[PDB]
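Chains as they are written, first to last, in the numbering used here: chain U, 4 to 40; chain G, 34 to 131; chain B, 728 to 837; chain Y, 572 to 720; chain R, 280 to 387; chain D, 1427 to 1559; chain X, 15 to 92; chain W, 122 to 220; chain S, 60 to 272. For each residue, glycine too, the CB sits at the ideal point set by N, CA and C. Notes follow the structure.
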RNA sequence: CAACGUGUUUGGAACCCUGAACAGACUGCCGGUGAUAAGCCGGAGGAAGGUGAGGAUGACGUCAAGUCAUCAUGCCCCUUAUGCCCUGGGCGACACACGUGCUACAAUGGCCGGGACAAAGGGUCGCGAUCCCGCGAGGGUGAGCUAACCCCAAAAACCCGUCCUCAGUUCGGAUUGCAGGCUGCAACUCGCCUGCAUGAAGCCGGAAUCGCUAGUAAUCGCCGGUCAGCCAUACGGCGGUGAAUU
């Protein structure tokens, strides 16, 4: 939710930066999901 | 070619001081850009009111920095001496830039 | 299916199902959808056996189910050995990221 | 305090109806008005898929079977509490009608809120489910005590 | 309040509390509000002392007892006497009248 | 979308709380533009917002008759749509002022007092208070 | 990046680990690291009131010293 | 506060300007590790002997009274003193706005 | 409890004193400079007229900074009492005020002005009731004496509050007397007040004088 | 606002905004009610109609309320000490009890991707754009800005697709371990933050109890202060969506 600091909404609540809430979206990202078909 | 900045905490002093600087600058020389009021740098402070424990009911006062940009076009020698003739305003901070 | 030692997940979506395994790495779950290029959204049903071989190898490549239980309890018998404040607060079951314990420590007060 | 300034009530966004706009305000939970809008119009596009009449007809005919004419107001005289029934107004019965309809629609599980509001809505349209039974159990209690006034 | 009663909360200000003090509190307050049949939620008994040989002013022992009851409001009684024991007995009497005011006002 | 105007012939202004909107109302067809997007894609589907845009023109029934490409910033989308709406009303006043009587009789030329109240110290949200027991 | 050592403790290393082995020798400045040239020495860690003799094994390496000495005398019937 | 603690901040400030630029310009050269990474551990020994010249230890009290807390830093004064230098027409521009 | 009038009326009809317009770190340092100037003037005249006879009554110390030059106006009611008669009073003021401002050696003009009517200025009148009340004179004689002493010198309305520990007591009181209109709420009304603390022998007294002009 | 292709290069002051003065709303007009009056109900006009909205504002006084740890001070008391300097602890303990907040308990939901629109602030010992290294917190380089210029700064809820579509779950995130980074002489007791690991309790809450009459409630973010860094889920603000009932 918002304390879930391993998420994006959690880091947005915590006023911090990590994988899920990136600065400069070109640079820095976790592994990308591949649902494919 | 010159930009002078007028900052104060008091509106009749920038009004009257910029009034007379625009007056002298117009009556001594040629066409000069008017005073553009660029907005109020205004900022607030919350003071805990009672000395001891009363966390509610505080006193937040706000300081207001008024400022006007005013631009004189052409540097003429008796016009530079006209502006530097007037060391008139009581506190109003005046700055010079190109 | 069944994965490495004994542990295995249900018959659900594949990324979630690997999450159901005891102790894998969720970023390396996401990498196990990328190096193997496994289709994550498809369930644990409809998986070719070569994909199961690749899964069992890549899950052998990182520490898992029994192994991390073994090494963490090795740091717990380490956390019997050398008389530390972490160890002293595990004789008495407190919290060691240090909350203020004057109130409300009931992950361990139970 | 004296009174409330009269009322301002607008009609439905896409059908121009003062009832369905009332219903889209009542399904609203904390400001998400586009989502409550979405739930209601997916319920209407669901109700065109179930039967083949006007959704105003199945909606209004549904809420006629939820609206009570009388209810219990547990009043007091001399310290003595009578459960005396007092005849409720019309638009009050509208608000109570979509009130019980909506809260009872937040109980029937299985699927998204379009199916939930659709299913309890047609149960109001057939005298089944829970909202019209709630009408009965709040209606057979004021009927049970007419020996007061 | 030994058992089954309202929850007791003591406050000791300027006063080292003993066995006889809080024993006299729960026995006089608790055993005089033992014929109660009241589910009062919380009793805050705030038992401060002052003056005499401690500081400037006459010898005072001042108790306030507050009951956060369900039964028609909250009540508090402050009395100031020459001893702790006279304070707590006197507030015990006051709270007897206030609770009989509550129970007796529930009538008809 | 191109095809500019670059002038201020028949203008209209409007402003809900932080959302300002200036409009120009050209006698056209109806493919109208918030800042450089379509009305549907900028007002983000069809909530009530697009209907508040369609309200003053459908009051006079002038849906085909005009084309009102809009320049607007500030605020959020609903108030920006409302300021578009009152921009349309003050624009229609400045073409054919004999439309005063239909427009003013409805709530189209007015302005609500929608303004966020400030936090009041000792409260939490200008009315929300912390509870006590 | 760089472990942190109190410099008088470094002079304790440069005094006993250069001349000859020794005993209980006292330090203040609890915040120092382990520094594996200290293994086998007994360090007296200040605990608020006194100095405790703590023998330093090679298993205790990679921490700081006052994790080993508790400061609160909570015997405890709380 | 007490009469001692104001001069605690005073003599701590004298130790700040005593070798502020010297010691912290030395740290400007220590953290520059392009040349070497492993060494200079002892040179933290030379970082050590300034003790009260650590600017982490330097507070800013209210200069007129001395409360270490609630010092609005842009004025240098405390909380409660700042009222009676607004309410006595003393601070310029303090127009007590209640917008 | 009640807001004080010189704080309340700052947007209109009451002007600030320390009239210099600056930037934040320079604001804190300019406030340093202001406070040391008011310290040197107050302590100066208190010393060099404590040896002298009467009370002085310095009401306002306005400090202004046009250029790198500081106009300091001193509004006392009895300005002839100060000087050493050629001008040497204000000269020695200018010496000791130059002692604590010479960061940038900028010139300062210490002037001095007259209060129009010194009884009508609440800092001066509060100093009078402070002085007589610090002598062994009752609240009533001295306080009524301040009232008729004021109304002979043309004041519209007045309120006098004297705080606790009057002549011989161990229980504090408040004693206030009012004449005429003193509307504290009317923002146009131009009330000037003072709040002087008398440091007596058997305690501390508090005098608070409102004057509606 | 407009053009040139991604400036200070051209015009215009026409919209917007900034900010000084003015005007406006005062039961002013009309109708009707009321001893003719105060008013009361409605209507027109008007951006706004009956204190337009919010604030500041708080009489004599009460609780001999709180504050001698903001400050000042009567009296009393200590004075090779009840004063002062320095290092370590401590204010952060923990069987429990009381209170205020945040997170939640899920499909109006959660995740991912791609789209969309703010306000108000802060910043020359700083804010730090750009490029490179690193999964990242971060490191280096440092253009621009003393602030309507630049930066903090990505606004988020919201819209469109993919999945789960009823589970203690792709809900929830506690607790613990390993590995790091930053600040600062120093991060163990006792800082924040990143990367991995675990996945506790918790299926809307007894008795009781609280806030709110509209841009309010609820809900989603952003900023500031103090500040080397932070315990801030607090406080002081600012917008976004945005009700029901009387």
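Next on the checklist: By the three-class DSSP mapping on this structure, what secondary structure does residue 758/B have?
Outcome noted: helix
Next on the checklist: So residue 66/S contacts chain W; which residues on that side make the cut at Cβ distance below 7 angstroms?
Outcome noted: 207, 208, 217
Checklist entry - For residue 126/G, does the three-state DSSP call read helix, strand or coil? => result strand
Item to check | Neighbourhood of residue 249/S by C-beta, 7 angstroms cutoff - its chain only, sequence neighbours within 5 removed | outcome: 72, 272
Item to check | Bridge partners - residue 291/R, DSSP secondary structure assignment | outcome: Beta-bridge pairing links residue 291/R to 326/R.
Item to check | Uninterrupted alpha helix (DSSP H) stretches inside the stretch 181 to 268 of chain S (no shorter than 4 residues) | outcome: 181 to 193, 198 to 210
Item to check | Buried versus exposed, by CB contacts within 10 Å (16 or more), residue 181/S | outcome: buried
Item to check | Under the three-state DSSP convention, the category residue 171/S falls into | outcome: coil
Checklist entry - Given that a residue counts as buried once 16 or more other Cβ atoms are within 10 Å of its Cβ, and exposed if not, what is residue 690/Y? => result buried
Item to check | Contact set for residue 79/W: own chain, Cβ-Cβ below 7 angstroms, skip 5 residues either direction | outcome: The displayed coordinates of chain W run from 122 to 220. Any statement about residue 79/W would go beyond what the structure contains.
Checklist entry - If the cut is a Cβ gap below 7 angstroms, which residues of chain G does residue 1548/D touch? => result Under the 7 angstroms cutoff, chain G gives 89, 90.
Checklist entry - From 60/G, 101/G, 69/G, pick the residue whose C-alpha is nearest to that of residue 46/G; which is it? => result 101/G
Checklist entry - Can you pull the DSSP bridge partners for residue 1493/D? => result 1452/D
Checklist entry - What is the DSSP secondary structure of residue 130/S, reduced to helix, strand or coil? => result strand
Next on the checklist: Below 8 angstroms on the Cβ atoms is my contact criterion, and I expect residue 21/U with residue 14/U to pass it. Report the Cβ-Cβ distance as a whole number of Å.
Outcome noted: 5 angstroms
Item to check | Those runs of the beta strand (DSSP E) which lie wholly inside the stretch 625 to 653 of chain Y and span at least 3 residues | outcome: 646 to 648, 651 to 653
Checklist entry - Is there contact here, the stretch 665 to 682 of chain Y with the stretch 635 to 654 of chain Y, by at least three beta-carbon pairs under 8 angstroms? => result yes
Checklist entry - When DSSP labels each residue in this structure, what does residue 1462/D get in the three-state scheme? => result Three-state result, residue 1462/D: coil.
Next on the checklist: Taking CB distances under 8 angstroms as the criterion, tell me whether residue 185/W reaches chain S.
Outcome noted: yes
Next on the checklist: I want to verify the contact list: residues of chain D whose CB lies under 8 angstroms from the CB of residue 604/Y, in sequence order.
Outcome noted: 1473, 1474
Item to check | Chain-ordered chain W contacts of residue 25/S [CB-CB under 7 angstroms] | outcome: Because chain S in this structure spans residues 60 to 272, residue 25/S falls outside the shown range and cannot be described.
Next on the checklist: By the three-class DSSP mapping on this structure, what secondary structure does residue 1438/D have?
Outcome noted: Annotated three-state conformation of residue 1438/D is strand, per DSSP.
Checklist entry - Does the beta carbon of residue 199/W sit closer than 8 angstroms to a beta carbon anywhere in chain X? => result no
Item to check | Within-8 angstroms CB hit, residue 211/W to chain S | outcome: yes
Checklist entry - Going along chain D in order, which residues have a C-beta closer than 9 angstroms to the C-beta of residue 93/G? => result 1547
Checklist entry - Along chain W, in chain order, which residues have C-beta atoms closer than 9 angstroms to that of residue 160/S? => result The premise fails here: residue 160/S is roughly 16 angstroms from chain W at the closest Cβ pair, so nothing lies under 9 angstroms.
Next on the checklist: Looking only at its chain, what residues have a beta carbon closer than 7 angstroms to the beta carbon of residue 14/X, apart from the 5 residues adjacent to it on each side?
Outcome noted: Because chain X is modelled from 15 through 92, residue 14/X falls outside the range shown and cannot be assessed.
Item to check | Contact set for residue 130/G: own chain, Cβ-Cβ below 7 angstroms, skip 5 residues either direction | outcome: Contacts found: 36.
Item to check | Per DSSP, cross-strand counterpart(s) of residue 104/G | outcome: 36/G, 66/G
Checklist entry - Quick check: the stretch 1451 to 1467 of chain D against the stretch 363 to 382 of chain R, are there 3 or more CB pairs under 8 angstroms? => result no
Checklist entry - In chain D, which residues lie with their C-beta within 7 angstroms of the C-beta of residue 608/Y? => result 1473
Item to check | Continuous beta strand (DSSP E) stretch holding residue 342/R: start and end | outcome: 339 to 346
Item to check | Endpoints, beta strand (DSSP E) assigned at residue 76/G | outcome: Start and end: 74 to 80.
Next on the checklist: Need the endpoints of the beta strand (DSSP E) that residue 357/R sits in, please.
Outcome noted: From DSSP, the beta strand (DSSP E) with residue 357/R extends over 354 to 360.
Next on the checklist: Suppose contacts are defined by Cβ-Cβ distances below 8 angstroms. Is residue 118/S in contact with residue 183/S by that definition?
Outcome noted: yes
Checklist entry - Any Cβ of chain D within less than 8 angstroms of the Cβ of residue 584/Y? => result yes
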